[PDB]
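Spelled out, the chains give:
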Amino acid sequence: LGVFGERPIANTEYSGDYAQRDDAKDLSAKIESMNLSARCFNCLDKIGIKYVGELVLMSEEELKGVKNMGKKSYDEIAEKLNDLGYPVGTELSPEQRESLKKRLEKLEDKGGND
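Residue labels reflect position in each chain's written sequence, counted from 1, rather than necessarily the entry's numbering. Residues lacking coordinates are not shown. Think of the side-chain values as coming from all heavy atoms in the structure, minus any hydrogens and water.

Its PDB record attributes the structure to solution NMR.

Take a look at the structure:
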């Protein structure tokens, strides 16, 4: 216990529009389309998150929960998700996501798992 010490680098503390949803048309894209590093995409592909829609449907608690996430890799994941308009994990009025999941099922037929 104590009242003195030293700290790491400061946060950006930036702010903007709370959320936006008109850009959710672009979610049929490959996650690779946002110029990610391959280590990020090689995480996302193995859990089966192959599209920006699937990353957008990866709510923050799922997103923290891959097996080989990598510190830099999640950060550029989240900021290239943010480049669409919505930084990943903003899940406070998500009800459009069930409509997304049903539309995403029609990007292409492929298979299933259990």
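Asker: Please clarify how the packing of aromatic side chains should be interpreted in this entry.
Answerer: To describe a pair of aromatic rings, one takes the distance between the centres and the angle between the planes. Centre distance within 6.5 Å is the pairing criterion for rings of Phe, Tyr and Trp, where only the six-membered ring of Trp is used; planes under 30 degrees apart are then read as stacked, over 60 as edge-to-face, and the remainder as tilted. Within the structure shown, the criterion is met by zero aromatic pairs. Note on criteria: charge over ring means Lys NZ or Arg CZ within 6 Å of the ring centre, with the direction from the centre no more than 35 degrees off the ring normal. Directly above the aromatic system of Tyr 74 lies the positively charged group of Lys 64, at a separation of 4.3 Å from the ring centroid.

Asker: In this structure, what is going on with the packing of helix α1 (residues 38-47) against helix α4 (residues 71-82)? I would like to understand it.
Answerer: Any two packed helices are characterised by the angle at which their axes cross and by the distance between the axes. Running from amino to carboxyl end, α1 crosses α4 at an angle of 85 degrees, the nearest separation of the two axes being 9 Å. If you check the angle between α1 and α4, you find them roughly perpendicular. Mapping the contact onto sequence places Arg 39, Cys 40 and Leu 44 in α1 and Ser 73, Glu 76 and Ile 77 in α4. Of the residues belonging to the contact of α1 with α4, the class tally is three nonpolar, one polar and two charged. Only the stretch in contact is used when fitting a helix axis, every axis being a line fitted to C-alpha atoms; angles between N-to-C directions are given from 0 to 180 degrees. The way it works is that DSSP assigns letters per residue, a run of H or I at least four long becomes a helix, a run of E at least two long becomes a strand, and they are numbered from the N terminus. When an angle is under 35 degrees it counts as roughly parallel; over 145 it counts as roughly antiparallel; between 65 and 115 it counts as roughly perpendicular; any other value is oblique. The criterion used for residue contact is that any of the two residues' heavy atoms lie within 4.5 Å. All amino acids are sorted into three groups, where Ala, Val, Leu, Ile, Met, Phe, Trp, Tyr, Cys and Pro are nonpolar, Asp, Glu, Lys and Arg are charged, and the leftover types, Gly among them, are polar.

Asker: Got a minute to help me understand the nonpolar core in this structure?
Answerer: One recurring pattern in soluble globular proteins is that nonpolar side chains are buried together. Among the buried residues, those of types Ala, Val, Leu, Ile, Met, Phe, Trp, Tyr and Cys that are joined through side-chain atoms within 4.5 Å form a nonpolar core. Throughout this description, buried means an accessible area under 20% of the type-specific maximum (1.4 Å probe, protein chains only), exposed means over 50%, and partly exposed covers the range between. Counting residues in hydrophobic clusters, the biggest one holds 25 residues, and the most contacted among them are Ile 31, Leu 55, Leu 63 and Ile 77. Apart from the residues within four sequence positions on either side, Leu 63 is in contact with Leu 55, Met 58, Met 69, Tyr 74, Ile 77 and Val 88.

Asker: Could you clarify how one ought to interpret the side chain of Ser 59 in this entry?
Answerer: With respect to the helices and strands, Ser 59 occurs in the loop between α2 (52-57) and α3 (60-63). Separated by 2.6 Å, the side chains of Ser 59 and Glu 91 make a polar contact. Polar contact criterion, stated in full: a pair of N or O atoms within 3.5 Å, where within protein one must be able to donate a hydrogen and the other to accept it, and residues adjacent in sequence count only if both atoms are side-chain atoms.

Asker: Looking at this structure, I do not really get the environment of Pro 87. What am I missing?
Answerer: Tracing the chain through its elements places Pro 87 in the loop between α4 and α5 (97-104). Exposure remark for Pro 87: the relative accessible area of 34% places this residue in the partly exposed category. As a C-alpha pair, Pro 87 and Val 56 span 31 residues in sequence and 9.0 Å in three-dimensional space. The residues contacting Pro 87, other than those within four sequence positions of it, are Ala 78 and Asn 82.

Asker: It is not clear to me how a positive patch on the surface should be interpreted in this structure. Could you clarify?
Answerer: Side chains of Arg 97, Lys 101, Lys 102 and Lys 106 sit close together on the surface and give a patch of like positive charge. Tracing the backbone through its elements, the reader meets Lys 102 in helix α5. By relative accessible area, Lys 102 is classed as exposed at 55%. For patch building, the residue pool is restricted to those with more than 30% relative accessible area and no salt bridge; the joining distance is 9 Å between like charges and 5 Å between nonpolar side chains (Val, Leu, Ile, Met, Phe, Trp, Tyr). Here the Shrake-Rupley method, with its probe set to 1.4 Å, supplies the accessible areas, and only the displayed protein chains count as covering residues. What counts as a salt bridge is simple: a side-chain nitrogen of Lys or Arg found within 4 Å of a carboxyl oxygen of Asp or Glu. Only four residue types enter the tally: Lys and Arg on the positive side, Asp and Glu on the negative side; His and the chain ends are excluded. Here the site of a charge means atom NZ of a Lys, CZ of an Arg, CG of an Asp or CD of a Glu.

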